>>> print(open('target-v7.cif').read())   # mmCIF, C-alpha atoms
data_input
loop_
_atom_site.group_PDB
_atom_site.id
_atom_site.type_symbol
_atom_site.label_atom_id
_atom_site.label_comp_id
_atom_site.auth_asym_id
_atom_site.auth_seq_id
_atom_site.Cartn_x
_atom_site.Cartn_y
_atom_site.Cartn_z
ATOM 1 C CA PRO A 129 11.007 124.287 85.065
ATOM 2 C CA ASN A 130 13.700 126.327 86.804
ATOM 3 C CA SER A 131 14.846 123.148 88.560
ATOM 4 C CA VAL A 132 14.218 119.416 88.218
ATOM 5 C CA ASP A 133 15.110 116.609 90.634
ATOM 6 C CA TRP A 134 13.617 113.189 89.899
ATOM 7 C CA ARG A 135 15.072 111.830 93.158
ATOM 8 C CA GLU A 136 12.405 113.883 94.967
ATOM 9 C CA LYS A 137 9.712 112.431 92.663
ATOM 10 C CA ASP A 138 9.688 108.797 93.914
ATOM 11 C CA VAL A 139 11.027 107.336 90.644
ATOM 12 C CA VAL A 140 14.779 106.961 91.314
ATOM 13 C CA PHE A 141 16.216 103.979 93.204
ATOM 14 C CA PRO A 142 19.153 104.342 95.628
ATOM 15 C CA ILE A 143 22.698 104.709 94.312
ATOM 16 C CA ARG A 144 24.316 101.416 93.288
ATOM 17 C CA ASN A 145 27.911 100.228 92.937
ATOM 18 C CA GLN A 146 29.344 98.670 89.780
ATOM 19 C CA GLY A 147 32.523 97.597 91.564
ATOM 20 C CA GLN A 148 35.486 97.099 89.245
ATOM 21 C CA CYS A 149 33.508 95.669 86.315
ATOM 22 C CA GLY A 150 33.127 98.220 83.538
ATOM 23 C CA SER A 151 29.360 97.759 83.569
ATOM 24 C CA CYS A 152 28.558 101.463 83.961
ATOM 25 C CA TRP A 153 26.701 101.286 80.640
ATOM 26 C CA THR A 154 24.316 98.710 82.139
ATOM 27 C CA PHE A 155 23.748 100.827 85.250
ATOM 28 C CA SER A 156 23.124 103.913 83.109
ATOM 29 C CA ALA A 157 20.646 102.088 80.855
ATOM 30 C CA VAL A 158 18.833 100.485 83.808
ATOM 31 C CA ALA A 159 18.592 103.780 85.704
ATOM 32 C CA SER A 160 17.058 105.520 82.688
ATOM 33 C CA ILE A 161 14.534 102.711 82.155
ATOM 34 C CA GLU A 162 13.655 102.439 85.854
ATOM 35 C CA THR A 163 12.685 106.108 86.085
ATOM 36 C CA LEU A 164 10.836 106.037 82.749
ATOM 37 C CA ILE A 165 8.631 103.198 84.015
ATOM 38 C CA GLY A 166 8.076 105.087 87.271
ATOM 39 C CA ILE A 167 7.067 108.222 85.366
ATOM 40 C CA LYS A 168 4.818 106.479 82.848
ATOM 41 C CA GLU A 169 3.203 103.808 85.050
ATOM 42 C CA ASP A 170 3.569 105.073 88.652
ATOM 43 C CA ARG A 171 5.292 101.758 89.396
ATOM 44 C CA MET A 172 8.721 101.313 91.007
ATOM 45 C CA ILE A 173 10.496 98.198 89.701
ATOM 46 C CA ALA A 174 14.237 97.576 90.075
ATOM 47 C CA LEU A 175 15.713 96.143 86.867
ATOM 48 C CA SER A 176 18.663 93.869 86.114
ATOM 49 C CA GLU A 177 22.007 95.345 85.132
ATOM 50 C CA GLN A 178 23.291 91.760 85.101
ATOM 51 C CA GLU A 179 21.064 90.723 82.187
ATOM 52 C CA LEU A 180 22.437 93.546 80.038
ATOM 53 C CA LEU A 181 26.000 92.715 81.091
ATOM 54 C CA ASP A 182 25.643 89.034 80.160
ATOM 55 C CA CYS A 183 23.201 89.204 77.237
ATOM 56 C CA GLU A 184 23.665 92.453 75.289
ATOM 57 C CA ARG A 185 25.807 91.402 72.337
ATOM 58 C CA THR A 186 27.237 94.676 71.005
ATOM 59 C CA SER A 187 29.052 95.499 74.249
ATOM 60 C CA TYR A 188 32.308 94.364 75.865
ATOM 61 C CA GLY A 189 31.064 93.008 79.186
ATOM 62 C CA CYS A 190 33.173 94.399 82.019
ATOM 63 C CA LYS A 191 35.294 96.363 79.493
ATOM 64 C CA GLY A 192 32.628 98.886 78.504
ATOM 65 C CA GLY A 193 29.535 98.974 76.374
ATOM 66 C CA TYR A 194 26.664 100.945 74.917
ATOM 67 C CA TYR A 195 23.572 102.080 76.799
ATOM 68 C CA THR A 196 22.083 102.961 73.404
ATOM 69 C CA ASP A 197 22.291 99.346 72.239
ATOM 70 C CA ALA A 198 21.108 98.288 75.699
ATOM 71 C CA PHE A 199 17.961 100.339 75.052
ATOM 72 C CA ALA A 200 17.533 98.584 71.697
ATOM 73 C CA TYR A 201 17.994 95.239 73.470
ATOM 74 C CA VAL A 202 15.244 96.060 75.980
ATOM 75 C CA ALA A 203 12.865 97.184 73.224
ATOM 76 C CA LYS A 204 13.513 93.937 71.333
ATOM 77 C CA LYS A 205 13.863 91.415 74.179
ATOM 78 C CA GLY A 206 12.521 92.912 77.417
ATOM 79 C CA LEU A 207 14.323 93.064 80.741
ATOM 80 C CA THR A 208 13.903 91.099 83.964
ATOM 81 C CA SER A 209 13.964 92.381 87.539
ATOM 82 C CA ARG A 210 16.995 92.908 89.758
ATOM 83 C CA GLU A 211 15.433 90.433 92.200
ATOM 84 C CA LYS A 212 15.377 87.683 89.566
ATOM 85 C CA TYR A 213 18.826 88.435 88.085
ATOM 86 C CA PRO A 214 21.048 90.199 90.628
ATOM 87 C CA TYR A 215 24.349 91.888 89.877
ATOM 88 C CA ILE A 216 27.356 89.660 90.619
ATOM 89 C CA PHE A 217 30.077 92.250 89.824
ATOM 90 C CA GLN A 218 31.360 90.228 86.839
ATOM 91 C CA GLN A 219 30.014 88.905 83.552
ATOM 92 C CA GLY A 220 28.381 85.479 83.602
ATOM 93 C CA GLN A 221 26.185 83.203 81.499
ATOM 94 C CA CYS A 222 23.366 85.023 79.720
ATOM 95 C CA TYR A 223 20.085 83.999 81.340
ATOM 96 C CA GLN A 224 16.774 84.857 79.665
ATOM 97 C CA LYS A 225 14.412 84.874 82.641
ATOM 98 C CA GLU A 226 10.843 86.101 82.957
ATOM 99 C CA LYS A 227 10.882 89.700 81.761
ATOM 100 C CA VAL A 228 9.135 92.439 83.718
ATOM 101 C CA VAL A 229 9.552 95.549 81.524
ATOM 102 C CA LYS A 230 9.986 96.596 77.900
ATOM 103 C CA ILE A 231 10.477 99.895 76.123
ATOM 104 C CA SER A 232 9.483 100.941 72.621
ATOM 105 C CA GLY A 233 12.779 102.486 71.553
ATOM 106 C CA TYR A 234 15.340 105.163 72.283
ATOM 107 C CA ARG A 235 16.452 108.543 70.974
ATOM 108 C CA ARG A 236 19.849 110.202 70.709
ATOM 109 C CA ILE A 237 20.350 113.871 71.567
ATOM 110 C CA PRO A 238 22.560 115.694 69.026
ATOM 111 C CA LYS A 239 26.108 116.324 70.208
ATOM 112 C CA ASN A 240 26.756 119.438 72.325
ATOM 113 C CA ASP A 241 23.050 120.381 72.646
ATOM 114 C CA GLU A 242 22.510 121.298 76.299
ATOM 115 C CA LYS A 243 19.244 123.114 75.495
ATOM 116 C CA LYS A 244 17.640 119.962 74.107
ATOM 117 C CA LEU A 245 19.325 117.925 76.853
ATOM 118 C CA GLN A 246 17.646 120.109 79.487
ATOM 119 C CA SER A 247 14.258 119.782 77.780
ATOM 120 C CA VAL A 248 14.507 115.984 77.918
ATOM 121 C CA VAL A 249 15.784 115.995 81.516
ATOM 122 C CA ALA A 250 12.692 118.003 82.483
ATOM 123 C CA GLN A 251 10.648 114.936 81.444
ATOM 124 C CA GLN A 252 12.757 111.888 82.410
ATOM 125 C CA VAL A 253 16.225 110.575 83.298
ATOM 126 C CA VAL A 254 18.826 110.606 80.507
ATOM 127 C CA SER A 255 21.891 108.412 79.941
ATOM 128 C CA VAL A 256 25.137 110.310 79.272
ATOM 129 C CA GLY A 257 28.875 109.712 79.050
ATOM 130 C CA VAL A 258 31.520 111.744 80.869
ATOM 131 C CA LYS A 259 35.314 112.049 80.994
ATOM 132 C CA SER A 260 35.972 110.340 84.328
ATOM 133 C CA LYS A 261 39.696 109.447 84.128
ATOM 134 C CA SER A 262 41.076 112.190 86.362
ATOM 135 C CA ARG A 263 42.065 112.550 90.003
ATOM 136 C CA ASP A 264 39.571 115.399 90.441
ATOM 137 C CA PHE A 265 36.610 113.424 89.082
ATOM 138 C CA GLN A 266 37.428 110.281 91.079
ATOM 139 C CA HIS A 267 37.972 112.158 94.357
ATOM 140 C CA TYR A 268 35.086 114.615 93.954
ATOM 141 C CA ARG A 269 33.208 115.011 97.250
ATOM 142 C CA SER A 270 30.801 117.955 97.103
ATOM 143 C CA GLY A 271 29.923 121.238 95.448
ATOM 144 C CA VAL A 272 29.441 122.113 91.809
ATOM 145 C CA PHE A 273 32.386 120.368 90.179
ATOM 146 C CA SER A 274 35.060 122.738 88.876
ATOM 147 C CA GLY A 275 37.932 120.250 88.556
ATOM 148 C CA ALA A 276 39.722 118.643 85.633
ATOM 149 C CA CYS A 277 38.020 116.032 83.442
ATOM 150 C CA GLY A 278 39.352 112.837 81.917
ATOM 151 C CA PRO A 279 40.954 112.808 78.473
ATOM 152 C CA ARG A 280 37.970 111.095 76.809
ATOM 153 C CA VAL A 281 34.353 110.137 77.355
ATOM 154 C CA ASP A 282 34.754 106.771 79.068
ATOM 155 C CA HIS A 283 32.134 106.457 81.838
ATOM 156 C CA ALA A 284 28.379 106.020 81.413
ATOM 157 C CA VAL A 285 26.218 107.857 83.960
ATOM 158 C CA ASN A 286 22.782 109.491 84.193
ATOM 159 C CA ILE A 287 21.371 112.994 84.548
ATOM 160 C CA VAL A 288 18.530 112.947 87.083
ATOM 161 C CA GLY A 289 17.780 116.673 87.155
ATOM 162 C CA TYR A 290 19.149 120.197 87.191
ATOM 163 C CA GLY A 291 19.198 123.315 89.321
ATOM 164 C CA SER A 292 21.224 126.287 90.505
ATOM 165 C CA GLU A 293 23.166 127.424 93.567
ATOM 166 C CA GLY A 294 24.509 130.958 93.871
ATOM 167 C CA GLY A 295 23.673 131.558 90.217
ATOM 168 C CA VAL A 296 25.696 128.514 89.101
ATOM 169 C CA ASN A 297 23.689 126.214 86.835
ATOM 170 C CA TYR A 298 24.314 122.494 87.250
ATOM 171 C CA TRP A 299 23.236 119.017 86.198
ATOM 172 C CA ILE A 300 22.501 116.371 88.829
ATOM 173 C CA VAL A 301 24.590 113.361 87.769
ATOM 174 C CA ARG A 302 23.937 109.825 89.026
ATOM 175 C CA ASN A 303 27.029 107.611 89.178
ATOM 176 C CA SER A 304 27.417 103.905 89.946
ATOM 177 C CA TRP A 305 30.420 104.168 92.283
ATOM 178 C CA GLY A 306 28.460 103.846 95.531
ATOM 179 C CA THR A 307 27.355 106.470 98.016
ATOM 180 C CA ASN A 308 30.866 107.283 99.285
ATOM 181 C CA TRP A 309 31.670 109.081 96.015
ATOM 182 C CA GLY A 310 30.516 112.645 95.537
ATOM 183 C CA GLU A 311 27.296 113.848 97.152
ATOM 184 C CA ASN A 312 25.946 110.472 98.304
ATOM 185 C CA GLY A 313 26.831 108.971 94.921
ATOM 186 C CA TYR A 314 25.837 111.992 92.815
ATOM 187 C CA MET A 315 27.723 114.899 91.269
ATOM 188 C CA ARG A 316 26.543 118.404 90.436
ATOM 189 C CA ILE A 317 28.189 119.168 87.072
ATOM 190 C CA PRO A 318 28.124 122.698 85.588
ATOM 191 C CA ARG A 319 25.266 123.249 83.145
ATOM 192 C CA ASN A 320 25.526 125.554 80.114
ATOM 193 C CA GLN A 323 33.143 123.407 77.787
ATOM 194 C CA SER A 324 32.085 122.508 74.247
ATOM 195 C CA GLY A 325 30.180 119.257 74.612
ATOM 196 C CA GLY A 326 29.265 120.039 78.209
ATOM 197 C CA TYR A 327 31.458 119.856 81.278
ATOM 198 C CA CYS A 328 33.443 116.605 81.060
ATOM 199 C CA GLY A 329 31.674 116.006 77.737
ATOM 200 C CA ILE A 330 28.295 115.393 79.376
ATOM 201 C CA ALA A 331 26.386 116.557 76.269
ATOM 202 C CA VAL A 332 28.411 114.600 73.689
ATOM 203 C CA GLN A 333 26.489 111.294 73.613
ATOM 204 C CA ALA A 334 23.212 111.782 75.479
ATOM 205 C CA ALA A 335 20.447 109.240 74.882
ATOM 206 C CA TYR A 336 17.199 108.273 76.574
ATOM 207 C CA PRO A 337 14.677 105.429 76.288
ATOM 208 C CA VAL A 338 11.254 105.862 74.707
ATOM 209 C CA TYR A 339 8.416 104.193 76.606
#
>>> encode(input="target-v7.cif", output="structure tokens")
Amino acid sequence: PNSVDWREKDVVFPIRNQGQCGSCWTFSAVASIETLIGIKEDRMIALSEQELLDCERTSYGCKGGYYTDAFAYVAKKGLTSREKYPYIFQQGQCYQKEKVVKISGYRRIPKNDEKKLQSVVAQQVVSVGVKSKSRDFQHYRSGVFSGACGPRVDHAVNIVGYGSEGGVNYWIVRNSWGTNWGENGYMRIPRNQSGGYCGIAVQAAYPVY
């Protein structure tokens, strides 16, 4: 497809806010799973970032984590709904409540491969990491981003589609900083920097239904 936008396909929930807690990895994992379930089952169910934050044991709570291992947790343990286990903006006791969704596994996209990244984005939402520690990235408002990136991949986000404006290819990037950041919470990042713009293609991964 020349363009993809899952937000226009009834499978992407509204932008959320992680607050200060470094739980971006939980928001990225949840967003990828939420859309996958919407694609595969035609069912919209909001899932719990809080369960991953409190219960996923390879990660660092509010100091960062792994959406890849979050996928493995969901495949192995299931995941409850956001209604049952809401986000409290900090890590708490790990509750194992009634689960609403599983996955079968997850796959990693080889580093720097935007062609394979695009092929997967054409089918579902993908979890990625970007270099967010920069004034330009934090204060991005609109347009296809052409500012400076952070020094290192440090912020887990999602790619929810792709397109073009004026011949400029872009990825549609879902962040968890609320709707006041970027284009109502999203960023259009150049598509096709080695590793992708702000390293978007360095560590891409996606859940397998």
>>> resolve_selection(input="target-v7.cif", expression="the PyMOL selection byres ((chain A and resi 157-172) around 10)", output="short mmCIF file (atom, residue, chain, number, x, y, z; two decimals) with C-alpha atoms, in the frame of the given file")
data_model
loop_
_atom_site.label_atom_id
_atom_site.label_comp_id
_atom_site.auth_asym_id
_atom_site.auth_seq_id
_atom_site.Cartn_x
_atom_site.Cartn_y
_atom_site.Cartn_z
CA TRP A 134 13.62 113.19 89.90
CA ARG A 135 15.07 111.83 93.16
CA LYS A 137 9.71 112.43 92.66
CA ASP A 138 9.69 108.80 93.91
CA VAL A 139 11.03 107.34 90.64
CA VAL A 140 14.78 106.96 91.31
CA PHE A 141 16.22 103.98 93.20
CA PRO A 142 19.15 104.34 95.63
CA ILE A 143 22.70 104.71 94.31
CA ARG A 144 24.32 101.42 93.29
CA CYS A 152 28.56 101.46 83.96
CA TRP A 153 26.70 101.29 80.64
CA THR A 154 24.32 98.71 82.14
CA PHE A 155 23.75 100.83 85.25
CA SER A 156 23.12 103.91 83.11
CA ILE A 173 10.50 98.20 89.70
CA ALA A 174 14.24 97.58 90.08
CA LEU A 175 15.71 96.14 86.87
CA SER A 176 18.66 93.87 86.11
CA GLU A 177 22.01 95.34 85.13
CA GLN A 178 23.29 91.76 85.10
CA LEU A 180 22.44 93.55 80.04
CA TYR A 194 26.66 100.94 74.92
CA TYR A 195 23.57 102.08 76.80
CA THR A 196 22.08 102.96 73.40
CA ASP A 197 22.29 99.35 72.24
CA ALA A 198 21.11 98.29 75.70
CA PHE A 199 17.96 100.34 75.05
CA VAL A 202 15.24 96.06 75.98
CA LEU A 207 14.32 93.06 80.74
CA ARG A 210 17.00 92.91 89.76
CA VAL A 229 9.55 95.55 81.52
CA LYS A 230 9.99 96.60 77.90
CA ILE A 231 10.48 99.90 76.12
CA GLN A 251 10.65 114.94 81.44
CA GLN A 252 12.76 111.89 82.41
CA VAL A 253 16.23 110.58 83.30
CA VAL A 254 18.83 110.61 80.51
CA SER A 255 21.89 108.41 79.94
CA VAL A 256 25.14 110.31 79.27
CA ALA A 284 28.38 106.02 81.41
CA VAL A 285 26.22 107.86 83.96
CA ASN A 286 22.78 109.49 84.19
CA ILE A 287 21.37 112.99 84.55
CA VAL A 288 18.53 112.95 87.08
CA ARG A 302 23.94 109.82 89.03
CA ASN A 303 27.03 107.61 89.18
CA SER A 304 27.42 103.90 89.95
CA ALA A 335 20.45 109.24 74.88
CA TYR A 336 17.20 108.27 76.57
CA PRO A 337 14.68 105.43 76.29
CA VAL A 338 11.25 105.86 74.71
CA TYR A 339 8.42 104.19 76.61
#
>>> residues_around(input="target-v7.cif", residues="range 262-277 of chain A", least_positions_apart="5", cutoff="7 Å", atoms="all atoms listed in the file", output="PyMOL selection string")
chain A and resi 298+309-311+316-318+328
>>> closest_residue(input="target-v7.cif", among="A:208, A:260, A:151, A:307", to="residue 224 in chain A", atoms="all atoms listed in the file")
A:208
>>> axis_aligned_box(input="target-v7.cif", around="range 249-256 of chain A", padding_each_side="4 Å", output="lines of an AutoDock Vina configuration file")
center_x = 17.9
center_y = 113.2
center_z = 81.3
size_x = 22.5
size_y = 17.6
size_z = 12.0
>>> atom_distance(input="target-v7.cif", atom1="CA of residue 312 in chain A", atom2="CA of residue 293 in chain A")
17.8 Å
>>> decode(input="target-v7.cif", residues="range 159-201 of chain A", atoms="N, CA and C atoms", output="mmCIF file, in the first residue's frame")
data_model
loop_
_atom_site.group_PDB
_atom_site.id
_atom_site.type_symbol
_atom_site.label_atom_id
_atom_site.label_comp_id
_atom_site.auth_asym_id
_atom_site.auth_seq_id
_atom_site.Cartn_x
_atom_site.Cartn_y
_atom_site.Cartn_z
ATOM 1 N N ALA A 159 0.037 -0.950 23.102
ATOM 2 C CA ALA A 159 -0.505 -0.397 21.864
ATOM 3 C C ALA A 159 -0.367 -1.381 20.710
ATOM 4 N N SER A 160 0.753 -2.105 20.652
ATOM 5 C CA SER A 160 0.926 -3.097 19.597
ATOM 6 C C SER A 160 -0.047 -4.258 19.765
ATOM 7 N N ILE A 161 -0.270 -4.700 21.006
ATOM 8 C CA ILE A 161 -1.182 -5.816 21.241
ATOM 9 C C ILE A 161 -2.626 -5.392 21.006
ATOM 10 N N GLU A 162 -2.985 -4.175 21.425
ATOM 11 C CA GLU A 162 -4.359 -3.710 21.265
ATOM 12 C C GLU A 162 -4.770 -3.709 19.799
ATOM 13 N N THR A 163 -3.905 -3.188 18.927
ATOM 14 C CA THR A 163 -4.235 -3.145 17.508
ATOM 15 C C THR A 163 -4.251 -4.541 16.899
ATOM 16 N N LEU A 164 -3.302 -5.395 17.293
ATOM 17 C CA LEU A 164 -3.275 -6.767 16.791
ATOM 18 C C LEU A 164 -4.586 -7.491 17.076
ATOM 19 N N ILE A 165 -5.111 -7.347 18.294
ATOM 20 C CA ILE A 165 -6.387 -7.970 18.632
ATOM 21 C C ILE A 165 -7.518 -7.361 17.810
ATOM 22 N N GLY A 166 -7.477 -6.042 17.598
ATOM 23 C CA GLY A 166 -8.482 -5.404 16.761
ATOM 24 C C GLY A 166 -8.437 -5.886 15.324
ATOM 25 N N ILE A 167 -7.230 -6.094 14.794
ATOM 26 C CA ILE A 167 -7.079 -6.581 13.426
ATOM 27 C C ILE A 167 -7.556 -8.024 13.313
ATOM 28 N N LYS A 168 -7.148 -8.869 14.260
ATOM 29 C CA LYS A 168 -7.381 -10.302 14.133
ATOM 30 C C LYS A 168 -8.786 -10.710 14.558
ATOM 31 N N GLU A 169 -9.389 -10.000 15.512
ATOM 32 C CA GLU A 169 -10.674 -10.406 16.064
ATOM 33 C C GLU A 169 -11.786 -9.381 15.903
ATOM 34 N N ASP A 170 -11.521 -8.235 15.275
ATOM 35 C CA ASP A 170 -12.528 -7.183 15.126
ATOM 36 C C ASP A 170 -13.133 -6.806 16.479
ATOM 37 N N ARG A 171 -12.274 -6.704 17.491
ATOM 38 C CA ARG A 171 -12.701 -6.467 18.864
ATOM 39 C C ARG A 171 -11.750 -5.452 19.476
ATOM 40 N N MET A 172 -12.309 -4.362 20.002
ATOM 41 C CA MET A 172 -11.539 -3.278 20.602
ATOM 42 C C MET A 172 -11.540 -3.464 22.116
ATOM 43 N N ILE A 173 -10.372 -3.773 22.681
ATOM 44 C CA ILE A 173 -10.237 -3.985 24.119
ATOM 45 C C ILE A 173 -8.991 -3.257 24.614
ATOM 46 N N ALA A 174 -9.177 -2.323 25.545
ATOM 47 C CA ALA A 174 -8.069 -1.560 26.104
ATOM 48 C C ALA A 174 -7.371 -2.391 27.174
ATOM 49 N N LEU A 175 -6.051 -2.511 27.061
ATOM 50 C CA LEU A 175 -5.253 -3.398 27.898
ATOM 51 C C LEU A 175 -4.462 -2.606 28.934
ATOM 52 N N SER A 176 -3.891 -3.333 29.893
ATOM 53 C CA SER A 176 -3.297 -2.742 31.090
ATOM 54 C C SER A 176 -1.793 -2.550 30.908
ATOM 55 N N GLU A 177 -1.363 -1.291 30.788
ATOM 56 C CA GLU A 177 0.056 -0.993 30.946
ATOM 57 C C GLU A 177 0.520 -1.274 32.368
ATOM 58 N N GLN A 178 -0.366 -1.084 33.349
ATOM 59 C CA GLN A 178 0.036 -1.193 34.748
ATOM 60 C C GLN A 178 0.474 -2.611 35.095
ATOM 61 N N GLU A 179 -0.203 -3.621 34.540
ATOM 62 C CA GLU A 179 0.200 -5.001 34.798
ATOM 63 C C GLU A 179 1.630 -5.251 34.340
ATOM 64 N N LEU A 180 1.966 -4.807 33.127
ATOM 65 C CA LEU A 180 3.330 -4.966 32.637
ATOM 66 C C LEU A 180 4.318 -4.228 33.528
ATOM 67 N N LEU A 181 3.967 -3.008 33.939
ATOM 68 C CA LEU A 181 4.862 -2.209 34.769
ATOM 69 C C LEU A 181 5.163 -2.903 36.091
ATOM 70 N N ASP A 182 4.146 -3.509 36.704
ATOM 71 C CA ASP A 182 4.293 -4.115 38.022
ATOM 72 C C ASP A 182 4.762 -5.562 37.972
ATOM 73 N N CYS A 183 4.479 -6.285 36.882
ATOM 74 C CA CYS A 183 4.627 -7.735 36.872
ATOM 75 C C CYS A 183 5.711 -8.261 35.945
ATOM 76 N N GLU A 184 6.078 -7.525 34.899
ATOM 77 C CA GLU A 184 7.106 -8.000 33.981
ATOM 78 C C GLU A 184 8.469 -7.886 34.655
ATOM 79 N N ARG A 185 9.168 -9.015 34.772
ATOM 80 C CA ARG A 185 10.306 -9.132 35.677
ATOM 81 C C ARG A 185 11.673 -8.892 35.047
ATOM 82 N N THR A 186 11.761 -8.702 33.733
ATOM 83 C CA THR A 186 13.041 -8.338 33.140
ATOM 84 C C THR A 186 13.272 -6.834 33.119
ATOM 85 N N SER A 187 12.235 -6.036 33.350
ATOM 86 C CA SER A 187 12.314 -4.601 33.144
ATOM 87 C C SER A 187 12.665 -3.877 34.442
ATOM 88 N N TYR A 188 12.715 -2.546 34.363
ATOM 89 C CA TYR A 188 13.174 -1.701 35.458
ATOM 90 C C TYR A 188 12.074 -0.774 35.965
ATOM 91 N N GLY A 189 10.820 -1.201 35.839
ATOM 92 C CA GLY A 189 9.720 -0.394 36.340
ATOM 93 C C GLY A 189 9.670 0.949 35.644
ATOM 94 N N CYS A 190 9.655 2.016 36.440
ATOM 95 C CA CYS A 190 9.621 3.376 35.916
ATOM 96 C C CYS A 190 10.981 3.877 35.431
ATOM 97 N N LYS A 191 11.991 3.010 35.357
ATOM 98 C CA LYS A 191 13.300 3.364 34.820
ATOM 99 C C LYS A 191 13.613 2.632 33.520
ATOM 100 N N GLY A 192 12.590 2.281 32.754
ATOM 101 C CA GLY A 192 12.781 1.668 31.458
ATOM 102 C C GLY A 192 12.511 0.175 31.479
ATOM 103 N N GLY A 193 12.428 -0.387 30.281
ATOM 104 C CA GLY A 193 12.110 -1.793 30.161
ATOM 105 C C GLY A 193 12.107 -2.233 28.716
ATOM 106 N N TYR A 194 11.542 -3.416 28.498
ATOM 107 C CA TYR A 194 11.623 -4.110 27.221
ATOM 108 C C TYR A 194 10.215 -4.463 26.768
ATOM 109 N N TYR A 195 9.784 -3.899 25.634
ATOM 110 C CA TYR A 195 8.511 -4.332 25.063
ATOM 111 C C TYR A 195 8.609 -5.738 24.490
ATOM 112 N N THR A 196 9.807 -6.147 24.064
ATOM 113 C CA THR A 196 10.007 -7.515 23.597
ATOM 114 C C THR A 196 9.685 -8.518 24.697
ATOM 115 N N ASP A 197 10.278 -8.331 25.877
ATOM 116 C CA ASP A 197 10.002 -9.226 26.995
ATOM 117 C C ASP A 197 8.579 -9.058 27.509
ATOM 118 N N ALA A 198 7.990 -7.873 27.323
ATOM 119 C CA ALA A 198 6.573 -7.698 27.627
ATOM 120 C C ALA A 198 5.708 -8.564 26.718
ATOM 121 N N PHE A 199 6.069 -8.659 25.435
ATOM 122 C CA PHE A 199 5.369 -9.567 24.530
ATOM 123 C C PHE A 199 5.481 -11.008 25.014
ATOM 124 N N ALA A 200 6.692 -11.427 25.395
ATOM 125 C CA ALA A 200 6.888 -12.780 25.907
ATOM 126 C C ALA A 200 6.090 -13.011 27.185
ATOM 127 N N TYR A 201 5.969 -11.983 28.029
ATOM 128 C CA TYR A 201 5.142 -12.097 29.228
ATOM 129 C C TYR A 201 3.681 -12.334 28.866
#
